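By convention in this document, chain letters (A, B, ...) are assigned in the order of the sequence lines, proteins followed by strands, and residues within each chain are numbered from 1.
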Amino acid sequence: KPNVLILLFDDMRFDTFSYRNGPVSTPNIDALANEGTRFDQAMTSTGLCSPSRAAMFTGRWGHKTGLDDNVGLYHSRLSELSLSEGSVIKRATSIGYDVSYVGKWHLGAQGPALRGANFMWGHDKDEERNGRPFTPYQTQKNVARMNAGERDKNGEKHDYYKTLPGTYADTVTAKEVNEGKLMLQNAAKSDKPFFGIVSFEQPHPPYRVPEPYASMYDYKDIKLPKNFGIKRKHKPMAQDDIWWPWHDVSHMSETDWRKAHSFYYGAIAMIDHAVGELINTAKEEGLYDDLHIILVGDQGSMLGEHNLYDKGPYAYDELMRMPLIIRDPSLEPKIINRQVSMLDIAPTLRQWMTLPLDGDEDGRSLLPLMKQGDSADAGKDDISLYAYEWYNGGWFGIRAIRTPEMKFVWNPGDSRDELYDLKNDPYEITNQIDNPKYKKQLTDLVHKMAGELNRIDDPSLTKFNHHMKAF
Amino acid sequence: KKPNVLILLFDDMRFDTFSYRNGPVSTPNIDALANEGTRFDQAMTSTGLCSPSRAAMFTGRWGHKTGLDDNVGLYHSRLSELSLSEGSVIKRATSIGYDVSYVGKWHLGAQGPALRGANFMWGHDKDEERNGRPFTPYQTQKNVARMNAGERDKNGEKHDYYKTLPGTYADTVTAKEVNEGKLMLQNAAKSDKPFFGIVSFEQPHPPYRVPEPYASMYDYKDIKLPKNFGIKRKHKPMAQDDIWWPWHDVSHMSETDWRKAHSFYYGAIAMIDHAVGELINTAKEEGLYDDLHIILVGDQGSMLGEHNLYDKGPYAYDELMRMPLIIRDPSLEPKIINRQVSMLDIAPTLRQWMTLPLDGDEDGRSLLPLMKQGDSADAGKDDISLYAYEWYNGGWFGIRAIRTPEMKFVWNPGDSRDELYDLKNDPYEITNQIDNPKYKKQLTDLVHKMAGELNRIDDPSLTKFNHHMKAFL
Ligand SMILES: [Ca+2]
Ligand SMILES: [Ca+2]
Ligand SMILES: [Cl-]
Ligand SMILES: [Cl-]
Ligand SMILES: [Cl-]
Ligand SMILES: [Cl-]
Ligand SMILES: [Cl-]
Ligand SMILES: [Cl-]
């Protein structure tokens with residue numbers, strides 16, 4: 001049974017890395033990408049922390065697991081993923097894997113340990129369950145100070161970007177690396193197969209890095225994209241509301257937005273260092289050659305595209321797209337340009353590890369694509385499905401279907417749907433939902449979405465068929 | 001022999017405005033009904049939101065049982081209609097031979113009264129298709145952006161808050177609803193079947209829109225603002241700060257704007273007092289009044305700047321939670337009831353009057369014993385009311401409140417901050433005492449009372465409550 005290592009990162013965009021022709025030199029990630037299978041059109045399930053992680057680790061959509069919002073935050077109803085959901089963690093433990101977990105969990109206090117893992121170190125490790133939702137009174141005060149024209153140390157805005165004191169060695173990231181090194185050292189001492197997860201809070205906003213990462217990218221040299229610095233025209237109302245207090249970006253200057261990029265880029269450089277330290281330890285311990293590796297970001301993050309920061313209830317590519325590398329040491333490297341989903345991770349682990357089934361797989365194993373390339377799916381529709389059921393206690397019910405040339409977003413809590421022509425408008429600036437020139441494409445996408453909601457037994461199909469009755 | 005029933009239902013009508021409650025508006029027709037009937041002077045709504053309160057009124061069950069726990073048809077609620085599995089008192093009355101008629105605001109799903117057997121004579125929902133998209137307030141958003149830039153609408157008004165309508169009373173939706181109600185009463189007098197009429201007015205809801213003379217009847221310059229007007233909210237839950245509906249941004253409101261919101265609302269109350277008189281005079285002219293069993297109720301109150309809030313939202317303040325309620329049984333002597341009653345008590349009261357068949361649980365109680373005996377019917381019983389605020393237009397909050405005459409405890413499970421108000425010493429609910437160790441005995445009492453109530457109604461939030469309140473259980 002093969003050794004598996006997952007390197008999971010929070011709110012890491014698909015596009016930043018040098019292997020994607022992005023602005024940050026990421027030699028260690030690029031080397032893993034070129035040794036493994038690049039999923040260059042990977043899509044998350046939801047641009048939100050807990051839902052994306054539950055889908056990743058269970059292999060089922062939120063309507064089946066119940067984990068359809070963030071946990072532990074104003075004003076979500078949810079505290080934890082049900083312990084009835086053992087996830088790949090309990091399934092691997094059941095067949096004799098030593099499972100270990102380091103870092104960000106965000107699926108309920110103690111959750112990895114309750115499912116049989118060694119939860120070595122992380123925020124959720126010694127927390128009591130059923131805590132009250134964290135309510136951002138301080139961030140509300142801070143953003144009011146920003147709107148009043150105040151700034152933090154050195155003119156920074158610490159709800160967006162911050163220079164941390166000290167060095168890399170003092171960071172949470174370095175501690176997560178060091179716990180991952182200990183995990184690898186301990187695994188090399190056992191004959192038992194191991195399944196390790198190292199889950200980093202970096203590079204999530206607010207973008208907080210020590211020197212030299214804080215200053216390595218000059219804000220003045222940042223290239224800003226075509227959808228930066230735009231007013232949202234004819235977009236759904238949920239994109240305008242201040243769900244979390246830092247979504248008020250009315251105080252942000254162009255310099256503030258540029259520093260949000262430059263500090264994020266420093267965080268990506270720091271993550272590449274962290275990946276190299278773990279890969280070099282895996283090599284030194286003699287585990288690397290047979291190590292089956294997943295590197296993934298749970299979703300992306302908005303850096304001022306459509307005038308949005310962080311995440312919220314919407315489907316733009318900067319949030320919906322995720323970086324994904326799956327390295328199987330038995331296979332030659334390939335680049336997969338067909339779309340894949342976060343729902344495909346658990347079936348891939350299940351095939352690698354011969355995990356027992358614990359119910360439905362709403363995705364598919366990526367091994368055929370890893371072995372054969374895009375030709376594995378020749379003749380099949382190239383779609384992805386995205387949901388945004390909730391944002392921190394706000395219900396939206398959002399569903400998107402994305403093809404290589406178009407995206408349709410159903411907003412059942414609104415009157416306004418979205419239709420983007422990704423071939424002619426890849427920056428998703430122009431909502432074409434009301435344009436009669438796109439009636440054929442809209443009709444196709446509505447039918448594709450109905451098929452997908454039926455496939456996954458989404459109970460919102462009934463409302464979909466009412467809203468879409470003109471098709 | 002089955003009694004004729006008339007319900008006069010008003011949207012967002014506060015408990016306190018009427019002259020019979022020593023309020024600032026002369027309301028002689030409502031006062032006369034209060035003086036002839038049973039005054040429920042401490043009536044409480046179930047939820048300060050339109051569709052949940054109306055579903056609880058017409059079904060007699062809480063929203064976790066009926067499913068109707070949010071507004072329907074509004075950004076960004078998941079709901080479109082009260083399930084047709086819920087016949088309500090409308091289908092139950094039709095099934096025993098009442099001719100049921102409905103006029104005006106429904107807000108429980110397109111065609112709903114008609115689908116349940118009523119003559120839906122006239123109203124917004126009568127000819128609407130079902131399963132419509134949620135109304136999303138793009139224009140209100142644009143309007144409030146202009147207000148925040150310092151703009152005003154015509155004649156200095158702010159039409160998301162108050163507006164002088166063109167024309168006369170006779171041109172209004174209210175007058176049309178009265179004319180349909182008069183036709184309903186005229187037709188009822190020609191039938192040998194008992195009748196059940198509901199006339200449900202959008203007035204006096206905000207934005208406060210009235211024609212002359214009601215628009216200028218009450219001088220804004222004379223308005224008395226209360227002690228909790230315009231204050232900075234100290235140590236209150238975060239949901240009271242967020243701009244759920246676009247007009248909740250009141251940062252642009254001057255004191256004069258708030259006084260005009262009051263004076264226009266007072267005009268709307270005067271206008272509905274006229275409407276009530278017109279319908280009561282028609283019932284008298286048609287020979288129906290002497291035996292007519294009448295309920296006058298507001299679905300909830302409305303905020304006029306108390307705690308710096310406008311309209312409604314996810315919170316439990318008395319100006320929203322309290323509702324006006326008069327129940328006139330012509331066989332009984334008039335009394336004033338000072339013990340708390342609930343919107344959940346309306347359906348059981350109708351059930352006793354009308355001998356309605358059981359269609360499931362009654363989460364409230366019939367008010368006939370109080371109507372007959374006065375407050376002493378319940379001597380020895382805890383005087384409590386239970387309030388819920390599960391959702392506000394697609395925002396989940398799970399709020400529960402328990403109110404006694406002297407205290408209120410509010411559980412906000414989507415927050416870390418609960419509320420505790422000493423209504424005896426702080427009736428304006430300015431000071432949140434949740435963290436004050438001097439109120440530990442009262443907090444413990446109210447947490448126990450809430451635990452009893454959630455258990456009684458089989459609320460599935462008891463699992464979470466038991467965790468949040470574990471220090472008290
Ligand atoms: Ca995330
Ligand atoms: Ca109402
Ligand atoms: Cl860090
Ligand atoms: Cl845009
Ligand atoms: Cl295969
Ligand atoms: Cl009117
Ligand atoms: Cl206050
Ligand atoms: Cl009785």
Side-chain angles (χ1 to χ4, degrees), chain A residues 13-15 19-21 33 36-47 52 55-56 59 61 294 296-297 299-300 314-326 328 331 333-348 351 361-388 398-400 402-410 417-422 424-428 432-433 438 441-456 458 461 464 468 471:
Chain A
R13 293 168 59 126
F14 80 100
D15 54 349
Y19 78 98
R20 298 297 306 258
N21 298 312
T37 315
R38 278 167 52 172
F39 291 92
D40 281 4
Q41 290 269 330
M43 306 293 150
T44 194
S45 56
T46 299
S52 68
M56 182 173 163
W61 286 99
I294 298 176
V296 62
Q299 56 264 180
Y314 46 76
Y316 293 118
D317 268 3
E318 296 84 354
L319 180 57
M320 174 170 168
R321 293 186 72 163
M322 66 183 189
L324 176 59
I325 302 161
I326 305 187
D328 185 320
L331 298 184
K334 292 183 165 56
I335 303 179
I336 305 307
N337 290 120
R338 282 184 162 260
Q339 298 175 94
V340 303
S341 176
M342 189 63 99
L343 279 297
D344 304 330
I345 302 299
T348 303
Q351 186 170 343
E361 283 182 346
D362 291 328
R364 43 76 177 267
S365 174
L366 297 178
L367 265 298
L369 282 163
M370 292 160 61
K371 289 177 180 173
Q372 300 172 49
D374 285 324
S375 70
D377 286 355
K380 299 177 197 158
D381 286 350
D382 185 355
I383 59 161
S384 56
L385 178 71
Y386 175 91
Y388 220 120
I398 295 167
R399 299 294 182 271
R402 187 187 186 279
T403 75
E405 290 186 343
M406 295 290 308
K407 185 186 291 168
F408 168 59
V409 193
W410 176 44
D417 297 322
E418 294 158 277
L419 186 65
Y420 300 118
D421 175 345
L422 303 186
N424 300 296
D425 180 29
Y427 294 98
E428 299 177 292
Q432 297 286 21
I433 192 69
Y438 284 93
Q441 294 93 324
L442 179 54
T443 298
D444 169 63
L445 291 161
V446 165
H447 289 136
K448 283 175 161 46
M449 179 163 289
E452 283 292 280
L453 298 182
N454 187 45
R455 179 182 62 79
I456 69 169
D458 186 328
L461 182 57
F464 185 78
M468 301 301 134
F471 319 88

Under 3.5 Å: donor-acceptor pair, side chain of [X], backbone of [Y]:
{"X": "A/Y386", "Y": "A/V409", "answer": "no"}
{"X": "A/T46", "Y": "A/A387", "answer": "yes"}
{"X": "A/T403", "Y": "A/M406", "answer": "yes"}
{"X": "A/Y420", "Y": "A/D425", "answer": "no"}
{"X": "A/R399", "Y": "A/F408", "answer": "no"}
{"X": "A/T348", "Y": "A/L366", "answer": "yes"}
{"X": "A/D382", "Y": "A/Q339", "answer": "yes"}

key: A/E428/A/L422 under side-chain contact (heavy atoms from CB on, under 4.5 Å): CA gap, chis, key distance, verdict   = CA-CA 7 Å; A/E428 299 177 292; A/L422 303 186; 3.8 Å; yes

ask   = In terms of side-chain geometry, is the basic nitrogen of A/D317 or A/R402 positioned less than 4.0 Å from the acidic oxygen of its partner?
value = yes

ask   = Which pairs, with at least one residue in residues 333-348 of chain A and sequence neighbours excluded, count as a salt bridge (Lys or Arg N to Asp or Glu O under 4.0 Å)?
value = A/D344-A/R364

Closest heavy-atom pair and its distance - [X], [Y]:
{"X": "A/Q299", "Y": "A/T44", "result": "CB-CG2, 3.9 Å"}
{"X": "A/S341", "Y": "A/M322", "result": "C-CE, 4.1 Å"}
{"X": "A/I336", "Y": "A/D374", "result": "CG2-OD1, 3.2 Å"}
{"X": "A/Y438", "Y": "A/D421", "result": "OH-OD2, 2.5 Å"}
{"X": "A/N337", "Y": "A/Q41", "result": "O-CG, 3.2 Å"}
{"X": "A/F471", "Y": "A/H447", "result": "O-NE2, 3.2 Å"}

First locate atom [atom1] of [X], then atom [atom2] of [Y], and finally report the distance between them rounded to the nearest 0.5 Å.
{"X": "A/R13", "Y": "A/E318", "atom1": "CZ", "atom2": "CD", "answer": "5.5 Å"}
{"X": "A/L324", "Y": "A/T37", "atom1": "CG", "atom2": "OG1", "answer": "9.0 Å"}
{"X": "A/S52", "Y": "A/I345", "atom1": "OG", "atom2": "CD1", "answer": "11.0 Å"}
{"X": "A/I383", "Y": "A/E452", "atom1": "CD1", "atom2": "CD", "answer": "3.5 Å"}
{"X": "A/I335", "Y": "A/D40", "atom1": "CD1", "atom2": "CG", "answer": "5.5 Å"}

Sub-4.5 Å side-chain heavy-atom contact between [X] and [Y]:
{"X": "A/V446", "Y": "A/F464", "answer": "yes"}
{"X": "A/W61", "Y": "A/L385", "answer": "yes"}
{"X": "A/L367", "Y": "A/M370", "answer": "yes"}
{"X": "A/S384", "Y": "A/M320", "answer": "yes"}
{"X": "A/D417", "Y": "A/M468", "answer": "yes"}
{"X": "A/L369", "Y": "A/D377", "answer": "yes"}

task = Test A/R321 against A/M43 for side-chain contact (heavy atoms from CB on, under 4.5 Å), laying out the working first.
result = CA-CA 4 Å; A/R321 293 186 72 163; A/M43 306 293 150; 3.7 Å; yes

inquiry  = Once ring pair (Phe, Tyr, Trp, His ring centres under 6.0 Å) is applied, do any residues pair with A/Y314, and if so which ones, sequence neighbours excluded?
reply    = A/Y316

